[PDB]
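Protein chains in written order, with the entry's author numbering: chain K, 2 to 142; chain J, 27 to 289; chain I, 16 to 266; chain E, 33 to 98; chain C, 1 to 53; chain F, 1 to 52; chain A, 18 to 52; chain H, 2 to 255, 281 to 324; chain G, 2 to 255, 281 to 325.
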């Protein structure tokens, strides 16, 4: 499943982001917020890049949007799965690692996975639209 | 113009009121059918509960709003054990009567206006007049009787659900002790206030039903005019509901507030 | 459940197309101006005629309860809080869903039953860009303006009523308005008004475009529009009230 | 605009001391203790007047009382 | 319209309701998210809370 | 005349809900027996002052 | 009889408003003033 | 059936008038049809004949009483000898065909349930709906709604029947079926049927009398033999459907053998009285018209 | 004019089907009429031809392109050949007749205001509205509304015209006037006029081709001469308005000279090609029908 693969990749990325953010906040609490935002931007950028590629991977296959597959649903499912899996595994690791900032299991499963999924969905949708519009110009008039 | 319209609506309401015994003695089955239709909705809205479901959801929302805002403000100040004593009063004074009035107006009144407009356009009112049947007595008086029969259960459910929502939000989401909430709720709540609130809601429902039946009975312009009639009836109903509740609360508690805390 | 879910999906797809047309295609200024003025002329006198008695009632109740309590000088705080965070957005909900959303639904249903939507579609025009977008933007703009006016008129009427009728001190009313109301309260009120107007416009337009014709389809569509608007706006109001009290002024 | 000190510090209509025949006095207070305008002027603990302006002149507050 | 009455409304409804639920959840706890607003947490030992919340 | 028995079903379910809601409101929330005086006996007291 | 009915309705509304205002002011009940 | 003597009728919806002066004398028991171009307010005339609408002047007498100016109590008794079929039946969607049909005689007559069922089933089988009494008006077609409205009109033994555009929403075949049913009804119960329509097949085949409304006036009313042999340009143009004539492109710019009642039905008493009346009138007609009518009657 | 092919067309409003296997081939420039009993779903067919509705099955080929398979991007151009007259004209009430007529021009072409006014005045004069362009749709009659809709449809030089129920609310005199106008515009423009109606006067004088729908089926489609000399019970019942035949009481239970274009108008080329095809069809007609068609064509 494409959505499953994207969700696993983005869950691993979010876990790495959480580990790096925890280490940076513990090292220098003063700039902590900045570090977090920076890492988040990186995460977003990554998603965006893939989204752009995916847009091309759609827009080359079909010359019109109607024949194109609905990538929005796939990216929404991938983001939701990434958020849920990342929250669950981060909560599991946090039981043995105190540097991460993990809340209760239900919170990480639902409330913060919602944030992760929404951010991933919005970035992926923007990237897919930009990728399709990249070669929309190249389409014959 | 304005005087002519006032006279027309006055004649309509007078003729609708004076025919209530006629519909009571002659159209009992129609009254029961309209009671069922108003209580359980009609069309695509009847599958979810009709009027009951909409009233319940809106009253639950209003009670949750009361509980959340009151508990937040009192916790910020510090005296947060009074929350129930606050919420009850609000639910009897301002929130539940007006909110139930607006929801009842929307659902029941818009349905009645749409039905009467469809009957007027489809020449069913003319069909009734041809068959020697008082169209106003058959339709408007029956709607008024059904609304009067159905309003007391509807407002009882509205009050119950508002109280339940406020208590649940305060004592579950905010983790306040149920005993303190029940004490401050039952200590400062007077049944006299609830009885007068029920009287207000009954009068308000009668006025709303009369207004919506007036707007839907004289509909014109084909199917297009029905929507405009619904909108105008809704505006008038909102104004009338707020004005009636204001006047009743000013009259009842103008001199005696019916509330004692200090000496 | 499948049919209501399909209707919800149609509404969401229509709203997404409306947003895409707003952010991509050129904007219709003439239609936006016309719809803004229409909404103002249909829902300006009712919103004041509903806000004034409601705020007078709230002020009367608060004043009598506080006077019996003993703290009658802190009535301005509760007055300002209620008028800003709840009374304004709720009167906006009522007088927008009842008047403007129903008028939009009736107008678009009239266009649909008269085959004017089909007339636009056969000419190659997408009716969404030409019709829905100006109406949604006008709904949002009018909701914002009406919320501001409702809050101001409610506060002024409460002041006048409390001072000249219940003989409370004017200085206690005006100096306590800012005690519990601040920038977060007005900001969340503005957010509430904008979201309420946008949702009301979207629901009205979607119900108007999908009218069933017949002899009662327009009236049924308007009634369903009104019910859906009331339910959705109350739910959104609950959510936004929770969010706002999280960022409270006193805390 | 320039002298806007807030909604609490603007004179308000009505009340004792605002009708015709009311007399205006200037009270040179050592300090005002964060007193706002439109506050109550009391004789024998009876509210019979209003304070209009609390402008500070030469760093000694002066209150206009009607 | 043809576009509104298409045979894809179920997937659109699922996606839209999930998106709206996600937006509501994010708005509810926009400040409490640890991946965005994280600060070190210190601890202290006390004899009594003393009404602390 | 009429008697579709679906209207009858709506009527009976509405009546059941009405009775349940009215009884619950009367007993557990309004406490009508307490207000009326059911199951209680009357007592009096004399005070030097009301004490508020 | 439209004009007469409208006049009656307006008179009824004005009387209702006057009565509720008098009840708010407590005009009906009589009390004694002590100095 | 009973005679309707309209005289000096005039309707005006504000400044714009519908017709100026309509003077009729509808024969008792004979089918009559009113014709005209679009926008001439024929349905307004149909409504005004029963008292739903109020013409500004004129008089409409059923039997010997002017129903235009009479106490409202007597109107609900005058309308007892009436049966109206609207453009779509005007049925009530809350109750099925059986209850819709039984409503007029449930309200007035103090009859038992079994007699009510007998008469309702009889009148439902009369209009070609034997076993469709349990269906609601929303589950049937427009022609079925017209049949149900007619059946509801036939329960209380009407003396006058009004038909409002029977051709609406029906092709020529089903319109021919409904016209045959109307002729059968008049042959059986002998009720004064009056129809308002602009159809030509109905105009030439169904009625015993015909009238014409053109330019907010009444052109002429008379038996089918008189009108179908008329030299009036408007009447000839409309009846033959000619493009060339006084009738313009829009409102601003302005002998058939007749179908017989179904074999087995009682002999239609309207035909003989119509023939006698046209025989009496014949001596005041153009010689060509007189010759044509004499040839038709023989 | 352009030939329109329809192959295996089917429709369904839910479980119930409107019609199925509607196969036909509308010629180029020839006035054609689709008729049948009420409730057969003919306006649905008319709307499905242009693309307002999406049939469940079939193929509608216009100028060699399957209009049901073409994407929405291409449909912006295919509908340029079309001109649609609805039952009430579907005029926009917010703008007057002049603006309604000029609207497709201002939306598609790049012409100046003077050329727009010239074309609009010419087309309003064509449909008998020379000095009536300043009125609004809400203050004109139904016939004038149909004329204004036709005028709006006649400004972009359409190759296909779809008239939906031109007889609605019109007495036979005004219907005859509108039919004469449609014959004239087909004479002048050769624009493949297609009409949907159950009228008999229209379906005996106007068309060059006719088809009939009965019980969710197409009984026959063919030229005027072939359809007016067919011994088919449904067609012979309907075209004469008889009472005895397959068509029942209601939906639940189921040659005349052609209108000649007015003098002072260009010769119609539809009649010649229609007769040329009629001869090839007569090659396979029944002998009585063959004799009738030979008598008719040789007048």
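Beta carbons: idealized from backbone N, C-alpha and C, even for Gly.
Would residue i and residue j be called neighbours here (beta carbons separated by less than 8 Å)?
i, j, result
"residue 201/H", "residue 38/H", "no"
"residue 214/G", "residue 162/G", "no"
"residue 255/J", "residue 143/J", "yes"
"residue 149/H", "residue 84/H", "no"
"residue 19/K", "residue 105/K", "no"
"residue 235/G", "residue 311/G", "no"
"residue 192/J", "residue 89/J", "yes"
Can you check which of these residues, the options, is closest to residue i by C-alpha distance?
i, options, result
"residue 191/G", "223/G, 282/G, 158/G", "158/G"
"residue 288/H", "182/H, 167/H, 18/H", "182/H"
"residue 73/H", "51/H, 99/H, 234/H", "51/H"
"residue 236/J", "149/J, 90/J, 169/J", "169/J"
"residue 57/I", "235/I, 119/I, 125/I, 141/I", "119/I"
"residue 38/K", "131/K, 133/K, 120/K", "120/K"
"residue 21/C", "141/K, 125/K, 113/K", "113/K"
"residue 152/H", "172/H, 114/H, 100/H", "100/H"
"residue 167/G", "18/G, 223/G, 204/G, 19/G", "204/G"
"residue 89/K", "2/K, 4/K, 9/K", "9/K"
"residue 4/K", "23/K, 136/K, 81/K, 99/K", "81/K"
"residue 224/I", "29/I, 24/I, 18/I, 168/I", "29/I"
"residue 324/H", "313/H, 305/H, 114/H, 103/H", "305/H"
"residue 161/I", "179/I, 208/I, 189/I", "208/I"
Which residues in chain F sit within 7 Å of residue i, going by Cβ to Cβ distance?
i, result
"residue 238/J", "Residues of chain F passing the Cβ test: none, with the nearest at roughly 21 Å."
Identify the contact partners of residue i in chain J, using a Cβ-Cβ distance below 7 Å as the criterion.
i, result
"residue 29/F", "186, 189"
For residue i, which residues from the same chain have a beta carbon less than 7 Å from its beta carbon, with the 5 sequence-adjacent residues on both sides left out?
i, result
"residue 292/G", "188, 189"
"residue 240/I", "116, 117, 120, 218, 219, 222"
"residue 119/J", "275"
Rounded C-beta distance between residue i and residue j? I'm assuming under 8 Å.
i, j, result
"residue 273/H", "residue 206/H", "Any structural detail on residue 273/H is unavailable, because chain H resumes at 281 straight after 255."
"residue 242/J", "residue 139/J", "3 Å"
"residue 129/K", "residue 43/K", "Rounded, the Cβ-Cβ distance is 19 Å, inconsistent with contact."
"residue 55/G", "residue 11/C", "Actually they do not touch by this definition, with Cβ atoms about 18 Å apart."
Interface residues of chain K around residue i at Cβ under 7 Å?
i, result
"residue 74/G", "65"
Below 8 Å on C-beta distance, what does residue i contact in chain I?
i, result
"residue 83/G", "137"
Identify the contact partners of residue i in chain H, using a Cβ-Cβ distance below 8 Å as the criterion.
i, result
"residue 172/G", "37, 38, 39, 199, 239, 248"
"residue 157/J", "80, 104, 105, 108"
Could you work out which residues of chain G lie near residue i, taking near to mean beta carbons separated by less than 9 Å?
i, result
"residue 181/H", "244"
"residue 142/H", "39, 40, 251, 252, 253"
Give every residue of the same chain whose Cβ lies closer than 8 Å to the Cβ of residue i, excluding the five residues on either side of it in the sequence, and list them in chain order.
i, result
"residue 57/H", "11, 12, 13"
Note down, in chain order, every chain K residue with its Cβ under 9 Å from the Cβ of residue i.
i, result
"residue 44/C", "Going along chain K, no residue has its Cβ under 9 Å from residue 44/C, so there is no contact; the nearest lies around 17 Å."
What does a CB cutoff of less than 6 Å around residue i pick up in its chain, not counting 5 residues either side in sequence?
i, result
"residue 30/G", "2, 191, 193, 296"
What residues of chain G sit near residue i, judged by a beta carbon separation below 7 Å?
i, result
"residue 178/H", "244, 250"
"residue 129/I", "89, 91"
Find the residues of chain E that neighbour residue i, judging by a C-beta separation of less than 9 Å, and give them in chain order.
i, result
"residue 192/I", "39, 40"
Going along chain A in order, which residues have a C-beta closer than 9 Å to the C-beta of residue i?
i, result
"residue 29/J", "19, 20, 23, 24, 27"
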